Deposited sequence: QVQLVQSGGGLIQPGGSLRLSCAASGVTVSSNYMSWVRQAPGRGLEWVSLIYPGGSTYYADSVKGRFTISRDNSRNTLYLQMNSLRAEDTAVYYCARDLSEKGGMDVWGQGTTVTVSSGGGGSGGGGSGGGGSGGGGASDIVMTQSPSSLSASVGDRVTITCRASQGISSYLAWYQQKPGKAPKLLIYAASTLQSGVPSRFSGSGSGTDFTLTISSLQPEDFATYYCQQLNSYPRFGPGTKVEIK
């Protein structure tokens, strides 16, 4: 059950480029496939969903230029990128969207493309000693009930689901990771920072289009 995605490289502005993303354990036409990019210096940014039934959506800053599609024959999601510009420089991940029932739990590896309701998170940056207890917060402008997830992304590696549905822990995640909240305020607690836990953490709303918060970075 992987997502291996392929293709990228450089391209001068105006050019076009077609990312792909082949899956193994999941069926591409049966899931909500989606693309997220992280601009250098910025945080995670949703690009475009494709529904199992064929509907397609995109973020404002790419609509008309990008075209998500898939080929059921070879089980592969594609992202068709035309009229590219410098702001489209980012690491481009493909992710399976379980939505409100599981977040984006299965991510591909990045493919660096090099062109030549507000979610809030606090702290923006925090240092903590190993074995400390760390609580980061996330805030919603409109009440989203408990429909919100958390992800760790360590520098260079693809993101990773932690909590979805405000409090449900993703299978395969250390028990020290825990989370609570409903309405507009949400928290993630790490009970005892172990050295691997040093990364940046986002929240995301699981109702709307995927909308990630700014991100809180943990470090020493």
Sequence ranges without modelled C-alpha atoms (deposited numbering): 1, 118 to 140, 245
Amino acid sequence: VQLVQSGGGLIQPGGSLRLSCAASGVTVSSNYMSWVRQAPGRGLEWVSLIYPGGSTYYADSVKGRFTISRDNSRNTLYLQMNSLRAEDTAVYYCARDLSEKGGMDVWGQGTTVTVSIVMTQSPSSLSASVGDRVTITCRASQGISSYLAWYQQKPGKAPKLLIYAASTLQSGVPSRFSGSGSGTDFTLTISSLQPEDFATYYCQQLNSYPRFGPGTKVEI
From here on, numbers count along this sequence of modelled residues.
Which of 6 to 14 and 199 to 207 has higher mean CA B factor, as the PDB entry lists it: 6 to 14
Higher-B stretch (mean Cα B-factor, as the entry records it), 70 to 78 or 137 to 145: 70 to 78
Residue selected from 119, 106, 128, 98 by maximal Cα B factor: 128
Member of 34, 171, 187, 192 with the greatest C-alpha B factor (per the PDB record): 192
Chain-relative CA temperature factor third for residue 179: lowest
Chain-wide C-alpha B factor ranking for residue 94, given as lowest, middle or highest third: lowest
Ranked against its chain, the third holding the CA B-factor of residue 156: highest
Among modelled residues of the same chain, the CA temperature factor third for residue 64: middle
Position of residue 54 among the chain's modelled residues by C-alpha B-factor, lowest, middle or highest third: middle
